[PDB]
There are 2 protein chains.
Amino acid sequence: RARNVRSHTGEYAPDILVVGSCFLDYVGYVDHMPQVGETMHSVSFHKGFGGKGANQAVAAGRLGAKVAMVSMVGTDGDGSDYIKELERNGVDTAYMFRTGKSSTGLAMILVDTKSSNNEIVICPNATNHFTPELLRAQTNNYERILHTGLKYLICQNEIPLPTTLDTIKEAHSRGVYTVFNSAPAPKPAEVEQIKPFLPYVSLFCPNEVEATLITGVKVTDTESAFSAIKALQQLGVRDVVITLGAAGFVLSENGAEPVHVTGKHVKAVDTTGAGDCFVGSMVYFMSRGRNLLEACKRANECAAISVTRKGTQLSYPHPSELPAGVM
Amino acid sequence: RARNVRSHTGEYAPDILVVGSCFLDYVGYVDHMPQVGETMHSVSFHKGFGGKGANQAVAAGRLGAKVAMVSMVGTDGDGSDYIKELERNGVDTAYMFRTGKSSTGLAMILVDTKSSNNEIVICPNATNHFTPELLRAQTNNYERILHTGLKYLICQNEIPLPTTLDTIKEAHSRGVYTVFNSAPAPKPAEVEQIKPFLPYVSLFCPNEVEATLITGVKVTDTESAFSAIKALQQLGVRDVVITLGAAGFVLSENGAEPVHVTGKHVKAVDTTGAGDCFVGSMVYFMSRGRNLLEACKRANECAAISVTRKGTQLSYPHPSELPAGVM
Ligand SMILES: Nc1ncnc2c1ncn2[C@@H]1O[C@H](COP(=O)(O)OP(=O)(O)CP(=O)(O)O)[C@@H](O)[C@H]1O
Ligand SMILES: Nc1ncnc2c1ncn2[C@@H]1O[C@H](COP(=O)(O)OP(=O)(O)CP(=O)(O)O)[C@@H](O)[C@H]1O
Ligand SMILES: [Cl-]
Ligand SMILES: [Cl-]
Ligand SMILES: [Cl-]
Ligand SMILES: [Cl-]
Ligand SMILES: [Cl-]
Ligand SMILES: [Cl-]
Ligand SMILES: [Cl-]
Ligand code: NA
Ligand code: NA
Ligand code: NA
Ligand code: NA
Ligand code: NA
Ligand code: NA
């Protein structure tokens, strides 16, 4: 067994539960993108640990969060590598499910360094089998993973949507603070199904695009983002945060006047996974007892630091690396 | 340890040694090839076990060969998966090397079923570090892997060329029968380095293109294949076999009059890895004491069965599938 084991006495039960995606990133660096029919060699290759779910759990885990990952991987070596990597990043793996019928989810990523361009084929694989019915069957209808002591749920939109919406509803009904990062951007049919579950979303935390698609409010800047915030309170979301890249974020705690905090000024070398860093860091700081604005201010600093280095999860800070006054 | 362990006496020492490549094949099925900058999902995914070295060892292992794979893979789960798969296909893994500094070799393969076009990026990864110096350091200057019992070495051209050439020379100097399948096709500077090593090759087994590049004879058919055989005997190769796809193969055993045997008449579904199947089968049948012609007739039948099914190693025959008199 690679995975963690629960106690009979609930003594390692987490503060934060992440129900979402784990994907291996197969990154081939190419002199050119291949044309139809082409066989070519990479110049280099890098194996990474991705999926927005795992990225968020690892951002929190790296700052010391009592965080557990709930997901589906293979019985393959990739799954075993992911389970150990989560543990080395401070994430509990007791509720990582494994199937012998599917490979671990992965992204096949080609990077042209010269052109900086990317081609990506997502192969969710085992992730496609991470259904509400399997989740229920393995957790006694959510009782094994939604203990009384559970403070936060984080979901994204990189597993089957019904698993995301049913988990958010069940966690909200038990008084868990539910965080939903609607990434990648929901398609029109996904928006129709999300909208009725927004009353169960304690914190909705999209980027500009994702806010635009859910609200119909075109978000390009602060003023429009404040409109999108009001629209999401109307759809029944208690707390709203919208990230704005280098422009930082806007938020509203329980319908109080919006706030803009701008981005940190930093030399951005590689922004990959910055948003996942922001979300996981934000929830970590709220679990330590920070209010939403104090949490998001520090999450903004953590994400700024991540964009100064390559590596997605490898660019997420540990507490010893942070400048004084972040932790 | 997933890998086999050699015994103090060497009671499980192999008849056939394969020194070559192990690549995982990561196959993403797509509705269209990705354009520069595109992120898409696959319609389907398949993980296969490839690399010409491993393909040739597994063709032999599936028929019951006492074969051992010498290669480099990662300490990653993909390396552990390959080592187990080799064992399940009757290949000894005691001299599989593992590096913590590189991933397991792999091919990232995109297949558009509709257009039936491919895009392939080959990531040799750990294979690029499988050097003569590393091999000598790990095997006491080849003593550990070239024991007196050893009858056959098979090499290809899918690992650093100096590793392939030095292994052939050392094996042939010990009275091992050396088999060299110069695939993939040698580049002009690789042809120049190979030619002085041909006197140390017992059996050169190219396809038409490879025979063309090595000899300067334009090989397109039986007649020109026969010319290429003479040119190879002049460069000091003892036994030559040239495979001709659907037109079967030509050979000469040690300067004797060359022989043409045509292709089996079969419904070709997927020819992928047929050549590897032919080469591995051929050497198994010679280890059973068939002469070159008898071994190649049986290999031709094995490769013909393989072209009737998809899946590369999954299409290689077991002994129950072979007509009477082949085994
Ligand atoms: N150039 C930059 N400078 C400072 N902070 C940045 C930044 N880019 C991103 N951030 C920080 O990261 C947070 C999320 O930004 P964004 O949503 O662009 O991430 P992302 O993960 O979508 C980038 P990518 O599209 O490459 O994956 C921002 O709210 C901000 O805190
Ligand atoms: N269409 C066909 N019909 C019958 N036998 C065939 C065949 N194609 C290949 N073979 C068998 O396989 C041997 C090697 O064929 P070839 O060298 O084309 O395989 P290959 O692995 O290079 C095909 P691919 O280019 O798809 O990887 C032949 O000598 C023959 O025994
Ligand atoms: Cl496990
Ligand atoms: Cl990583
Ligand atoms: Cl799969
Ligand atoms: Cl790190
Ligand atoms: Cl091992
Ligand atoms: Cl396979
Ligand atoms: Cl590598
Ligand atoms: Na920790
Ligand atoms: Na932790
Ligand atoms: Na980064
Ligand atoms: Na066997
Ligand atoms: Na065997
Ligand atoms: Na086949």
# chains A, B, ... in the order shown; residues from 1 in each chain; ligands from 1

$ interface_residues --of "chain A" --to "chain B" --cutoff "10 Å" --atoms "only C-alpha atoms" --output "PDB file with N, CA, C and O atoms, in the first residue's frame"
ATOM      1  N   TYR A  26       3.086  14.774 -19.306  1.00  0.00           N
ATOM      2  CA  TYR A  26       4.136  14.210 -20.180  1.00  0.00           C
ATOM      3  C   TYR A  26       4.573  15.354 -21.086  1.00  0.00           C
ATOM      4  O   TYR A  26       3.799  15.705 -22.001  1.00  0.00           O
ATOM      5  N   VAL A  27       5.696  15.997 -20.767  1.00  0.00           N
ATOM      6  CA  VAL A  27       6.068  17.269 -21.473  1.00  0.00           C
ATOM      7  C   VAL A  27       7.254  16.997 -22.401  1.00  0.00           C
ATOM      8  O   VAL A  27       8.350  16.750 -21.905  1.00  0.00           O
ATOM      9  N   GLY A  28       7.000  16.982 -23.699  1.00  0.00           N
ATOM     10  CA  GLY A  28       8.039  16.817 -24.728  1.00  0.00           C
ATOM     11  C   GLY A  28       8.356  18.169 -25.334  1.00  0.00           C
ATOM     12  O   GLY A  28       7.400  18.847 -25.773  1.00  0.00           O
ATOM     13  N   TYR A  29       9.617  18.584 -25.239  1.00  0.00           N
ATOM     14  CA  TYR A  29      10.156  19.827 -25.857  1.00  0.00           C
ATOM     15  C   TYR A  29      10.606  19.468 -27.272  1.00  0.00           C
ATOM     16  O   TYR A  29      11.362  18.504 -27.459  1.00  0.00           O
ATOM     17  N   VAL A  30      10.063  20.182 -28.239  1.00  0.00           N
ATOM     18  CA  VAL A  30      10.231  19.906 -29.687  1.00  0.00           C
ATOM     19  C   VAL A  30      10.849  21.154 -30.321  1.00  0.00           C
ATOM     20  O   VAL A  30      10.571  22.251 -29.833  1.00  0.00           O
ATOM     21  N   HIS A  32      10.057  21.890 -33.392  1.00  0.00           N
ATOM     22  CA  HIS A  32       8.868  22.392 -34.121  1.00  0.00           C
ATOM     23  C   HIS A  32       7.696  21.510 -33.716  1.00  0.00           C
ATOM     24  O   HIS A  32       7.950  20.341 -33.392  1.00  0.00           O
ATOM     25  N   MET A  33       6.467  22.008 -33.795  1.00  0.00           N
ATOM     26  CA  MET A  33       5.274  21.144 -33.636  1.00  0.00           C
ATOM     27  C   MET A  33       5.255  20.169 -34.795  1.00  0.00           C
ATOM     28  O   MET A  33       5.611  20.538 -35.904  1.00  0.00           O
ATOM     29  N   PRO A  34       4.934  18.876 -34.571  1.00  0.00           N
ATOM     30  CA  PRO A  34       4.922  17.915 -35.663  1.00  0.00           C
ATOM     31  C   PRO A  34       3.795  18.255 -36.650  1.00  0.00           C
ATOM     32  O   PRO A  34       2.724  18.676 -36.234  1.00  0.00           O
ATOM     33  N   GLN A  35       4.050  18.047 -37.938  1.00  0.00           N
ATOM     34  CA  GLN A  35       3.009  18.219 -38.980  1.00  0.00           C
ATOM     35  C   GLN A  35       2.341  16.859 -39.138  1.00  0.00           C
ATOM     36  O   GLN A  35       2.861  15.877 -38.542  1.00  0.00           O
ATOM     37  N   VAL A  36       1.200  16.810 -39.830  1.00  0.00           N
ATOM     38  CA  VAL A  36       0.415  15.554 -39.978  1.00  0.00           C
ATOM     39  C   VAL A  36       1.368  14.519 -40.577  1.00  0.00           C
ATOM     40  O   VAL A  36       2.083  14.856 -41.495  1.00  0.00           O
ATOM     41  N   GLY A  37       1.432  13.310 -40.033  1.00  0.00           N
ATOM     42  CA  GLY A  37       2.252  12.223 -40.596  1.00  0.00           C
ATOM     43  C   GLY A  37       3.690  12.236 -40.107  1.00  0.00           C
ATOM     44  O   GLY A  37       4.443  11.357 -40.515  1.00  0.00           O
ATOM     45  N   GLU A  38       4.102  13.216 -39.302  1.00  0.00           N
ATOM     46  CA  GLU A  38       5.537  13.335 -38.922  1.00  0.00           C
ATOM     47  C   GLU A  38       5.856  12.462 -37.687  1.00  0.00           C
ATOM     48  O   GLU A  38       5.073  12.481 -36.703  1.00  0.00           O
ATOM     49  N   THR A  39       6.970  11.723 -37.762  1.00  0.00           N
ATOM     50  CA  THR A  39       7.698  11.109 -36.623  1.00  0.00           C
ATOM     51  C   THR A  39       8.908  11.990 -36.339  1.00  0.00           C
ATOM     52  O   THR A  39       9.628  12.333 -37.289  1.00  0.00           O
ATOM     53  N   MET A  40       9.084  12.418 -35.103  1.00  0.00           N
ATOM     54  CA  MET A  40      10.248  13.254 -34.726  1.00  0.00           C
ATOM     55  C   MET A  40      10.731  12.884 -33.319  1.00  0.00           C
ATOM     56  O   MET A  40      10.001  12.218 -32.595  1.00  0.00           O
ATOM     57  N   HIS A  41      11.943  13.299 -32.965  1.00  0.00           N
ATOM     58  CA  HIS A  41      12.498  13.205 -31.594  1.00  0.00           C
ATOM     59  C   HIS A  41      12.212  14.521 -30.866  1.00  0.00           C
ATOM     60  O   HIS A  41      12.207  15.584 -31.491  1.00  0.00           O
ATOM     61  N   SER A  42      11.919  14.438 -29.581  1.00  0.00           N
ATOM     62  CA  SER A  42      11.950  15.586 -28.661  1.00  0.00           C
ATOM     63  C   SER A  42      13.418  16.015 -28.498  1.00  0.00           C
ATOM     64  O   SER A  42      14.315  15.225 -28.776  1.00  0.00           O
ATOM     65  N   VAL A  43      13.652  17.235 -28.053  1.00  0.00           N
ATOM     66  CA  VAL A  43      15.014  17.697 -27.674  1.00  0.00           C
ATOM     67  C   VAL A  43      15.202  17.342 -26.202  1.00  0.00           C
ATOM     68  O   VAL A  43      16.312  17.058 -25.773  1.00  0.00           O
ATOM     69  N   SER A  44      14.101  17.353 -25.464  1.00  0.00           N
ATOM     70  CA  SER A  44      14.086  17.075 -24.020  1.00  0.00           C
ATOM     71  C   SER A  44      12.705  16.567 -23.605  1.00  0.00           C
ATOM     72  O   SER A  44      11.709  16.823 -24.299  1.00  0.00           O
ATOM     73  N   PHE A  45      12.631  16.014 -22.421  1.00  0.00           N
ATOM     74  CA  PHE A  45      11.365  15.538 -21.855  1.00  0.00           C
ATOM     75  C   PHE A  45      11.364  15.841 -20.365  1.00  0.00           C
ATOM     76  O   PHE A  45      12.416  15.747 -19.726  1.00  0.00           O
ATOM     77  N   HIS A  46      10.199  16.193 -19.838  1.00  0.00           N
ATOM     78  CA  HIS A  46       9.976  16.445 -18.395  1.00  0.00           C
ATOM     79  C   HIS A  46       8.666  15.751 -17.988  1.00  0.00           C
ATOM     80  O   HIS A  46       7.646  15.960 -18.637  1.00  0.00           O
ATOM     81  N   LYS A  47       8.720  14.964 -16.923  1.00  0.00           N
ATOM     82  CA  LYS A  47       7.553  14.325 -16.268  1.00  0.00           C
ATOM     83  C   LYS A  47       7.082  15.196 -15.103  1.00  0.00           C
ATOM     84  O   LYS A  47       7.847  15.353 -14.178  1.00  0.00           O
ATOM     85  N   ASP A  76      -1.667   1.379 -12.100  1.00  0.00           N
ATOM     86  CA  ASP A  76      -0.367   1.477 -12.824  1.00  0.00           C
ATOM     87  C   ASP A  76       0.687   2.211 -11.975  1.00  0.00           C
ATOM     88  O   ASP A  76       0.357   2.821 -10.912  1.00  0.00           O
ATOM     89  N   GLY A  77       1.945   2.153 -12.411  1.00  0.00           N
ATOM     90  CA  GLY A  77       3.075   2.904 -11.841  1.00  0.00           C
ATOM     91  C   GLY A  77       2.838   4.411 -11.748  1.00  0.00           C
ATOM     92  O   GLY A  77       3.274   4.987 -10.769  1.00  0.00           O
ATOM     93  N   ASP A  78       2.203   5.051 -12.728  1.00  0.00           N
ATOM     94  CA  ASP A  78       1.842   6.497 -12.672  1.00  0.00           C
ATOM     95  C   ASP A  78       0.980   6.781 -11.437  1.00  0.00           C
ATOM     96  O   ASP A  78       1.211   7.777 -10.768  1.00  0.00           O
ATOM     97  N   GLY A  79      -0.012   5.938 -11.167  1.00  0.00           N
ATOM     98  CA  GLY A  79      -0.875   6.100  -9.981  1.00  0.00           C
ATOM     99  C   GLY A  79      -0.061   5.989  -8.713  1.00  0.00           C
ATOM    100  O   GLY A  79      -0.320   6.754  -7.761  1.00  0.00           O
ATOM    101  N   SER A  80       0.863   5.029  -8.655  1.00  0.00           N
ATOM    102  CA  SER A  80       1.691   4.784  -7.449  1.00  0.00           C
ATOM    103  C   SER A  80       2.611   5.983  -7.249  1.00  0.00           C
ATOM    104  O   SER A  80       2.731   6.428  -6.074  1.00  0.00           O
ATOM    105  N   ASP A  81       3.203   6.485  -8.335  1.00  0.00           N
ATOM    106  CA  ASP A  81       4.068   7.688  -8.297  1.00  0.00           C
ATOM    107  C   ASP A  81       3.264   8.885  -7.756  1.00  0.00           C
ATOM    108  O   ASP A  81       3.836   9.638  -6.917  1.00  0.00           O
ATOM    109  N   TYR A  82       2.020   9.076  -8.212  1.00  0.00           N
ATOM    110  CA  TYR A  82       1.167  10.212  -7.778  1.00  0.00           C
ATOM    111  C   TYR A  82       0.872  10.062  -6.283  1.00  0.00           C
ATOM    112  O   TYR A  82       1.012  11.071  -5.526  1.00  0.00           O
ATOM    113  N   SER A 102      -8.211   1.146 -16.026  1.00  0.00           N
ATOM    114  CA  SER A 102      -7.899   2.434 -16.683  1.00  0.00           C
ATOM    115  C   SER A 102      -6.492   2.830 -16.279  1.00  0.00           C
ATOM    116  O   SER A 102      -6.111   2.548 -15.134  1.00  0.00           O
ATOM    117  N   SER A 103      -5.775   3.499 -17.166  1.00  0.00           N
ATOM    118  CA  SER A 103      -4.508   4.189 -16.824  1.00  0.00           C
ATOM    119  C   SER A 103      -4.835   5.416 -15.966  1.00  0.00           C
ATOM    120  O   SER A 103      -5.999   5.861 -15.955  1.00  0.00           O
ATOM    121  N   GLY A 105      -4.922   9.309 -15.393  1.00  0.00           N
ATOM    122  CA  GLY A 105      -5.146  10.462 -16.275  1.00  0.00           C
ATOM    123  C   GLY A 105      -3.833  11.144 -16.572  1.00  0.00           C
ATOM    124  O   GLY A 105      -2.946  11.124 -15.703  1.00  0.00           O
ATOM    125  N   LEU A 106      -3.671  11.675 -17.775  1.00  0.00           N
ATOM    126  CA  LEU A 106      -2.406  12.354 -18.149  1.00  0.00           C
ATOM    127  C   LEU A 106      -2.714  13.401 -19.197  1.00  0.00           C
ATOM    128  O   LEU A 106      -3.761  13.300 -19.867  1.00  0.00           O
ATOM    129  N   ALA A 107      -1.822  14.359 -19.336  1.00  0.00           N
ATOM    130  CA  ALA A 107      -1.822  15.332 -20.444  1.00  0.00           C
ATOM    131  C   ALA A 107      -0.548  15.103 -21.245  1.00  0.00           C
ATOM    132  O   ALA A 107       0.526  15.007 -20.620  1.00  0.00           O
ATOM    133  N   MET A 108      -0.695  14.982 -22.564  1.00  0.00           N
ATOM    134  CA  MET A 108       0.422  14.886 -23.517  1.00  0.00           C
ATOM    135  C   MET A 108       0.658  16.304 -24.029  1.00  0.00           C
ATOM    136  O   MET A 108      -0.280  16.874 -24.644  1.00  0.00           O
ATOM    137  N   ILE A 109       1.753  16.916 -23.593  1.00  0.00           N
ATOM    138  CA  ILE A 109       2.025  18.369 -23.792  1.00  0.00           C
ATOM    139  C   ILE A 109       3.262  18.472 -24.671  1.00  0.00           C
ATOM    140  O   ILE A 109       4.304  17.911 -24.288  1.00  0.00           O
ATOM    141  N   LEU A 110       3.158  19.150 -25.798  1.00  0.00           N
ATOM    142  CA  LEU A 110       4.340  19.471 -26.620  1.00  0.00           C
ATOM    143  C   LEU A 110       4.613  20.960 -26.444  1.00  0.00           C
ATOM    144  O   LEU A 110       3.639  21.748 -26.517  1.00  0.00           O
ATOM    145  N   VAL A 111       5.871  21.313 -26.206  1.00  0.00           N
ATOM    146  CA  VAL A 111       6.335  22.717 -26.009  1.00  0.00           C
ATOM    147  C   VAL A 111       7.402  23.021 -27.060  1.00  0.00           C
ATOM    148  O   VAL A 111       8.405  22.298 -27.111  1.00  0.00           O
ATOM    149  N   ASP A 112       7.151  24.026 -27.897  1.00  0.00           N
ATOM    150  CA  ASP A 112       8.189  24.662 -28.753  1.00  0.00           C
ATOM    151  C   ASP A 112       8.842  25.817 -27.958  1.00  0.00           C
ATOM    152  O   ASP A 112       8.182  26.853 -27.796  1.00  0.00           O
ATOM    153  N   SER A 115       9.381  29.127 -30.168  1.00  0.00           N
ATOM    154  CA  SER A 115       8.066  29.790 -30.415  1.00  0.00           C
ATOM    155  C   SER A 115       7.288  30.004 -29.104  1.00  0.00           C
ATOM    156  O   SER A 115       6.325  30.778 -29.145  1.00  0.00           O
ATOM    157  N   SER A 116       7.678  29.341 -28.002  1.00  0.00           N
ATOM    158  CA  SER A 116       7.011  29.308 -26.662  1.00  0.00           C
ATOM    159  C   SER A 116       5.619  28.642 -26.710  1.00  0.00           C
ATOM    160  O   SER A 116       5.064  28.372 -25.626  1.00  0.00           O
ATOM    161  N   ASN A 117       5.093  28.357 -27.905  1.00  0.00           N
ATOM    162  CA  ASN A 117       3.768  27.719 -28.142  1.00  0.00           C
ATOM    163  C   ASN A 117       3.692  26.296 -27.537  1.00  0.00           C
ATOM    164  O   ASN A 117       4.744  25.681 -27.233  1.00  0.00           O
ATOM    165  N   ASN A 118       2.461  25.807 -27.360  1.00  0.00           N
ATOM    166  CA  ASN A 118       2.111  24.517 -26.708  1.00  0.00           C
ATOM    167  C   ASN A 118       1.034  23.823 -27.529  1.00  0.00           C
ATOM    168  O   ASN A 118       0.129  24.533 -28.036  1.00  0.00           O
ATOM    169  N   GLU A 119       1.086  22.495 -27.579  1.00  0.00           N
ATOM    170  CA  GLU A 119      -0.053  21.641 -27.993  1.00  0.00           C
ATOM    171  C   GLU A 119      -0.309  20.640 -26.868  1.00  0.00           C
ATOM    172  O   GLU A 119       0.661  20.057 -26.385  1.00  0.00           O
ATOM    173  N   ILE A 120      -1.563  20.467 -26.478  1.00  0.00           N
ATOM    174  CA  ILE A 120      -1.949  19.640 -25.307  1.00  0.00           C
ATOM    175  C   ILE A 120      -3.135  18.756 -25.689  1.00  0.00           C
ATOM    176  O   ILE A 120      -4.157  19.292 -26.207  1.00  0.00           O
ATOM    177  N   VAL A 121      -2.989  17.449 -25.464  1.00  0.00           N
ATOM    178  CA  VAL A 121      -4.080  16.442 -25.582  1.00  0.00           C
ATOM    179  C   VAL A 121      -4.282  15.863 -24.180  1.00  0.00           C
ATOM    180  O   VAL A 121      -3.322  15.286 -23.598  1.00  0.00           O
ATOM    181  N   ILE A 122      -5.460  16.106 -23.614  1.00  0.00           N
ATOM    182  CA  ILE A 122      -5.825  15.635 -22.255  1.00  0.00           C
ATOM    183  C   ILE A 122      -6.428  14.245 -22.404  1.00  0.00           C
ATOM    184  O   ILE A 122      -7.316  14.058 -23.269  1.00  0.00           O
ATOM    185  N   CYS A 123      -5.951  13.311 -21.594  1.00  0.00           N
ATOM    186  CA  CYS A 123      -6.404  11.907 -21.562  1.00  0.00           C
ATOM    187  C   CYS A 123      -6.833  11.619 -20.129  1.00  0.00           C
ATOM    188  O   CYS A 123      -6.029  11.173 -19.312  1.00  0.00           O
ATOM    189  N   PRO A 124      -8.086  11.965 -19.749  1.00  0.00           N
ATOM    190  CA  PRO A 124      -8.518  11.848 -18.357  1.00  0.00           C
ATOM    191  C   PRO A 124      -8.430  10.412 -17.813  1.00  0.00           C
ATOM    192  O   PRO A 124      -8.194  10.219 -16.610  1.00  0.00           O
ATOM    193  N   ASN A 125      -8.654   9.433 -18.691  1.00  0.00           N
ATOM    194  CA  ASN A 125      -8.417   7.986 -18.418  1.00  0.00           C
ATOM    195  C   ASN A 125      -9.245   7.598 -17.192  1.00  0.00           C
ATOM    196  O   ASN A 125     -10.499   7.752 -17.256  1.00  0.00           O
TER     197      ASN A 125
END

$ closest_atom_pairs --of "chain A" --to "ligand 6" --cutoff "8 Å" --atoms "only C-alpha atoms and all ligand atoms" --output "CSV"
residue,atom,partner,partner_atom_place_in_ligand_line,distance
A:313,CA,ligand 6,1 (Cl),7.2
A:314,CA,ligand 6,1 (Cl),4.2
A:315,CA,ligand 6,1 (Cl),6.5
A:316,CA,ligand 6,1 (Cl),7.2
A:317,CA,ligand 6,1 (Cl),7.6
A:318,CA,ligand 6,1 (Cl),7.9

$ select_by_dssp --residues "stretch 51-148 of chain B" --states "alpha helix (DSSP H)" --output "PyMOL selection string"
chain B and resi 52-62+77-88+132-139

$ write_last_selection --atoms "N, CA, C and O atoms" --output "compact mmCIF listing (two decimals), in the first residue's frame"
# COMPACT_ATOMS: atom_id res chain seq x y z
N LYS B 52 11.98 -1.18 -30.06
CA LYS B 52 12.36 -2.33 -30.92
C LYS B 52 13.07 -3.41 -30.09
O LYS B 52 12.90 -4.59 -30.38
N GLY B 53 13.94 -3.03 -29.16
CA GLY B 53 14.63 -4.03 -28.31
C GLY B 53 13.64 -4.90 -27.56
O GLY B 53 13.67 -6.16 -27.69
N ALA B 54 12.75 -4.27 -26.80
CA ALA B 54 11.74 -4.97 -25.99
C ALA B 54 10.79 -5.74 -26.91
O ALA B 54 10.41 -6.84 -26.54
N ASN B 55 10.39 -5.16 -28.04
CA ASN B 55 9.51 -5.85 -29.03
C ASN B 55 10.19 -7.14 -29.47
O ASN B 55 9.54 -8.21 -29.47
N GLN B 56 11.49 -7.08 -29.75
CA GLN B 56 12.19 -8.29 -30.24
C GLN B 56 12.34 -9.32 -29.12
O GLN B 56 12.13 -10.54 -29.40
N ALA B 57 12.64 -8.90 -27.89
CA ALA B 57 12.74 -9.81 -26.72
C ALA B 57 11.38 -10.46 -26.44
O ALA B 57 11.34 -11.67 -26.17
N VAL B 58 10.31 -9.69 -26.50
CA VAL B 58 8.93 -10.20 -26.21
C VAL B 58 8.46 -11.14 -27.33
O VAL B 58 7.83 -12.14 -27.02
N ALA B 59 8.77 -10.88 -28.59
CA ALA B 59 8.42 -11.83 -29.66
C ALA B 59 9.03 -13.19 -29.31
O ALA B 59 8.33 -14.23 -29.37
N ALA B 60 10.30 -13.21 -28.92
CA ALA B 60 11.03 -14.45 -28.54
C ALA B 60 10.46 -15.03 -27.24
O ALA B 60 10.19 -16.24 -27.19
N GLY B 61 10.22 -14.20 -26.22
CA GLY B 61 9.71 -14.64 -24.92
C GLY B 61 8.32 -15.27 -25.03
O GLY B 61 8.11 -16.29 -24.40
N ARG B 62 7.45 -14.73 -25.87
CA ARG B 62 6.10 -15.29 -26.11
C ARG B 62 6.18 -16.72 -26.68
O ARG B 62 5.22 -17.43 -26.50
N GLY B 77 7.36 4.70 -11.96
CA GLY B 77 6.34 3.64 -12.10
C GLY B 77 6.29 3.03 -13.50
O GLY B 77 5.99 1.82 -13.60
N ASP B 78 6.53 3.81 -14.55
CA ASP B 78 6.56 3.36 -15.97
C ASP B 78 7.64 2.30 -16.17
O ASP B 78 7.35 1.28 -16.83
N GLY B 79 8.83 2.51 -15.59
CA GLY B 79 9.94 1.52 -15.57
C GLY B 79 9.52 0.24 -14.87
O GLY B 79 9.80 -0.87 -15.38
N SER B 80 8.87 0.37 -13.71
CA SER B 80 8.38 -0.79 -12.93
C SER B 80 7.32 -1.53 -13.75
O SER B 80 7.36 -2.79 -13.78
N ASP B 81 6.42 -0.80 -14.39
CA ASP B 81 5.40 -1.40 -15.28
C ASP B 81 6.07 -2.21 -16.41
O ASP B 81 5.63 -3.37 -16.67
N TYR B 82 7.08 -1.65 -17.07
CA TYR B 82 7.79 -2.34 -18.18
C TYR B 82 8.45 -3.62 -17.64
O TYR B 82 8.29 -4.72 -18.25
N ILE B 83 9.18 -3.50 -16.54
CA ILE B 83 9.91 -4.67 -15.97
C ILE B 83 8.93 -5.82 -15.69
O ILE B 83 9.24 -6.97 -16.08
N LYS B 84 7.76 -5.52 -15.10
CA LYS B 84 6.74 -6.56 -14.85
C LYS B 84 6.25 -7.14 -16.19
O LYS B 84 6.07 -8.37 -16.27
N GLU B 85 5.98 -6.29 -17.17
CA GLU B 85 5.40 -6.72 -18.46
C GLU B 85 6.38 -7.67 -19.16
O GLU B 85 5.93 -8.62 -19.82
N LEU B 86 7.68 -7.39 -19.03
CA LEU B 86 8.71 -8.23 -19.68
C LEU B 86 8.62 -9.61 -19.04
O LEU B 86 8.66 -10.65 -19.79
N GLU B 87 8.52 -9.65 -17.71
CA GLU B 87 8.49 -10.95 -16.98
C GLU B 87 7.27 -11.76 -17.40
O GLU B 87 7.42 -12.98 -17.64
N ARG B 88 6.13 -11.11 -17.53
CA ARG B 88 4.85 -11.77 -17.90
C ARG B 88 4.93 -12.28 -19.34
O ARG B 88 4.05 -13.05 -19.70
N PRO B 132 28.14 2.94 -23.53
CA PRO B 132 29.07 1.84 -23.28
C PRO B 132 29.72 1.94 -21.88
O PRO B 132 29.96 0.93 -21.26
N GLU B 133 30.10 3.14 -21.47
CA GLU B 133 30.80 3.35 -20.18
C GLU B 133 29.90 2.87 -19.05
O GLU B 133 30.39 2.13 -18.17
N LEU B 134 28.62 3.26 -19.05
CA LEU B 134 27.66 2.85 -17.98
C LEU B 134 27.50 1.33 -18.03
O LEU B 134 27.61 0.68 -16.99
N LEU B 135 27.28 0.78 -19.23
CA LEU B 135 27.09 -0.68 -19.40
C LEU B 135 28.32 -1.41 -18.86
O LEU B 135 28.13 -2.32 -18.04
N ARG B 136 29.52 -1.03 -19.29
CA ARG B 136 30.76 -1.67 -18.76
C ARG B 136 30.83 -1.52 -17.22
O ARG B 136 31.15 -2.50 -16.54
N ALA B 137 30.55 -0.34 -16.68
CA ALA B 137 30.66 -0.10 -15.22
C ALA B 137 29.72 -1.03 -14.44
O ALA B 137 30.04 -1.38 -13.32
N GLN B 138 28.55 -1.35 -14.99
CA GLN B 138 27.49 -2.11 -14.29
C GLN B 138 27.67 -3.62 -14.49
O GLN B 138 27.02 -4.37 -13.79
N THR B 139 28.48 -4.05 -15.46
CA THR B 139 28.55 -5.47 -15.89
C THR B 139 29.99 -5.99 -15.81
O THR B 139 30.29 -7.04 -16.45

$ select_by_dssp --residues "stretch 42-261 of chain B" --states "strand (DSSP E)" --output "PyMOL selection string"
chain B and resi 44-50+67-74+91-92+96-99+106-112+117-123+152-155+177-180+203-204+239-243+249-252+259-261

$ residues_around --residues "residue B:18" --least-positions-apart "3" --cutoff "7 Å" --atoms "only C-alpha atoms" --output "PyMOL selection string"
chain B and resi 53+57+68-70+153-155

$ write_last_selection --atoms "C-alpha atoms" --output "tab-separated table (two decimals), in the first residue's frame"
chain	number	residue	atom	x	y	z
B	53	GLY	CA	14.63	-4.03	-28.31
B	57	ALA	CA	12.74	-9.81	-26.72
B	68	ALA	CA	17.07	-11.48	-21.15
B	69	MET	CA	16.53	-7.74	-21.77
B	70	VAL	CA	19.49	-5.38	-21.18
B	153	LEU	CA	22.93	-11.29	-28.95
B	154	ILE	CA	20.27	-9.14	-30.68
B	155	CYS	CA	20.85	-5.40	-31.12
